Amino acid sequence: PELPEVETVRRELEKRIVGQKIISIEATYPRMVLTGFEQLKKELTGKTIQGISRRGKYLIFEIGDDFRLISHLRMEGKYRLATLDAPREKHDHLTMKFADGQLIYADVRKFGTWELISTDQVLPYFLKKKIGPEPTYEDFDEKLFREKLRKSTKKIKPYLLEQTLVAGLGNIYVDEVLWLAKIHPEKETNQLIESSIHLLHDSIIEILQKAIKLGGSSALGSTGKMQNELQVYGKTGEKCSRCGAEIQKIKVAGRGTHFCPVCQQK
DNA sequence: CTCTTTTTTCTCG
DNA sequence: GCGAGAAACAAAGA
Ligand SMILES: FC(F)(F)c1nc(S)c2nc[nH]c2n1
């Protein structure tokens, strides 16, 4: 998932597990608990969930005053709320058992991660990863964005995916954003002009906020409607909305890349 | 049978 | 520092 899907999960979890005391925690794949499963089980068992936050694509469980559980779903992670007698499914790895239900984490590819960190270490955790601003008008400053693009020789799509210019874009929404902003994915950022950068900035905010409103593109968060609004991603060979052309797919920095050549010339 | 396809971080030259 | 390619992993499709 990307930021809109993680935000949709965050909102549903916030509605349902805040206030719940953790009765037990079980793992069939403890290796995804990067800080140590036995330590996490000891610290969090018997604690009450106080809230669920998000930063970029990271989910942040607020569990007691002094701990946060930082969860990343990577490529295929999925959460579901199940009854206590729910049968185990093949790719379930972790479960947080409450008195009247359980939160189960599944991940076919086993990429997703859990990290237990103390409350006063959350901001340093994200500083160390150099995560960029949240994609909102209030947080995403166009002036700094423009300066960073000017000083770099990177291609725009890889640079946006690095999470350092702005947080939360993945392969789907970066393709949608560059189509909407009429920018080639291999455009070198120091060749972007101010009016293009302005449109890119606004387009990032607008696409991600619309995606959040529509519940993401498609367990929790599986009821999104943003997939019906995608213009280029996964649409290889189909006609662009700025009509005439067919959507092409190339490889850029090892990622499948969907774009409309006429609309996105360098 | 092989090869390719679908977030983050590391290795290598 | 850089970028390309690979690594972590599983399943499905060509
Ligand atoms: F593909 C890419 F290599 F450009 C890339 N994509 C994503 S989603 C990403 N997240 C952190 N770093 C990242 N690099």
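Lettering follows sequence order; numbering is per chain, from 1. For the numbers below, each heavy atom of this structure counts, side chains included, while hydrogens, waters and symmetry mates do not.
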* To do: Anything under 4.0 Å to a heavy atom of chain A counts; send over the first and last such nucleotide of DNA chain C, read 5' to 3'.
  =>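 In short, chain A contacts DNA chain C from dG3(C) to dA11(C).
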* To do: Answer with yes or no after comparing the ring centroid distance for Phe126(A) and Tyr58(A) against a 6.0 Å cut-off, counting only values under it.
  =>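 Yes - the distance between ring centres of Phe126(A) and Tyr58(A) falls below the 6.0 Å cut-off.
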Rounded to whole Å, how long is the line connecting atom [atom1] of [X] with atom [atom2] of [N]?
X: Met32(A); N: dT7(B); atom1: CE; atom2: P; result: 17 Å
X: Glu115(A); N: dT8(B); atom1: CD; atom2: P; result: 12 Å
X: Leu73(A); N: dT8(B); atom1: CG; atom2: P; result: 11 Å
X: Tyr173(A); N: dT7(B); atom1: OH; atom2: P; result: 10 Å
X: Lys251(A); N: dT6(B); atom1: NZ; atom2: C1'; result: 9 Å
X: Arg74(A); N: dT9(B); atom1: CZ; atom2: P; result: 6 Å
X: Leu34(A); N: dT7(B); atom1: CG; atom2: P; result: 18 Å
X: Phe111(A); N: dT9(B); atom1: CZ; atom2: P; result: 13 Å

* **Nucleotide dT9(B) sugar, north or south by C1'-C2'-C3'-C4'** =>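 The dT9(B) sugar sits on the south side, the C2'-endo region.
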* Based on the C1'-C2'-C3'-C4' dihedral, does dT7(B) have a north or a south sugar? ->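 It's south.
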Using the [atom1] atom in both, what is the distance from [N] to [M], to the nearest Å?
N: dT11(B); M: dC9(C); atom1: P; answer: 15 Å
N: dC1(B); M: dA8(C); atom1: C1'; answer: 25 Å
N: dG3(C); M: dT6(B); atom1: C1'; answer: 23 Å
N: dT9(B); M: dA11(C); atom1: P; answer: 25 Å

* Asked: So, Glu5(A) and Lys57(A), do they make that salt bridge, N to O below 4.0 Å?
  ->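 Salt bridge: no.
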* Listed by chain and number, what are the side-chain contact (heavy atoms from CB on, under 4.5 Å) partners of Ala253(A), not counting sequence neighbours? ->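 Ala253(A) satisfies side-chain contact (heavy atoms from CB on, under 4.5 Å) with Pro158(A) once adjacent residues are dropped.
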* **Set of side-chain contact (heavy atoms from CB on, under 4.5 Å) partners for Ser152(A), sequence neighbours left out** =>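 Scan of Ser152(A) (side-chain contact (heavy atoms from CB on, under 4.5 Å), adjacent residues dropped) gives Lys154(A), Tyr159(A), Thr189(A).
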Does a nitrogen or oxygen in the side chain of [X] sit under 4.0 Å from OP1 or OP2 of [N]?
X: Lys249(A); N: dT4(B); result: no
X: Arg255(A); N: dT5(B); result: no
X: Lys129(A); N: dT7(B); result: no

* Name the nucleic acid region contacted by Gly256(A), choosing base, sugar-phosphate or nothing; use a 4.0 angstrom heavy-atom cut-off, strictly under. =>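 Counting heavy atoms under 4.0 Å across all strands, the contact made by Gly256(A) is with sugar-phosphate only.
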* **Sugar-phosphate, base or nothing in reach of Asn171(A), heavy atoms under 4.0 Å** =>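 Sugar-phosphate: the residue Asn171(A), judged by heavy atoms under 4.0 Å, touches backbone atoms but no base.
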* Asked: What do you reckon, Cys240(A) and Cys263(A) SGs under 2.5 Å?
  ->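 Looking at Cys263(A) and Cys240(A), their sulfur gamma atoms do not lie closer than 2.5 Å, so the answer is no.
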* Asked: Who else is in the cluster with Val252(A) when I, L, V, M, F, W and Y are joined by side-chain contacts under 4.5 Å?
  ->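 Same cluster as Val252(A): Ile250(A), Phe259(A).
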Which atom pairs, one a donor and one an acceptor, fall under 3.5 Å between side chains of residues 67-77 of chain A and the rest of the protein, sequence neighbours left out?
from     : atom 1 : to       : atom 2 : distance (Å)
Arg68(A) : NH1    : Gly64(A) : O      : 3.3
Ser71(A) : OG     : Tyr79(A) : OH     : 2.7
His72(A) : ND1    : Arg74(A) : N      : 2.9

* salt bridge (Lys or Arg N to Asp or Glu O under 4.0 Å) against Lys210(A), all qualifying residues, sequence neighbours excluded ->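 Salt bridge (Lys or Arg N to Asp or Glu O under 4.0 Å) list for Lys210(A), sorted by chain: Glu229(A).
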* To do: Consider the side chain of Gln163(A), meaning its heavy atoms from C-beta on, and name the nucleotide among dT7(B), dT5(B), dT8(B) that approaches it most closely.
  =>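 Of the candidates, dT8(B) comes closest.
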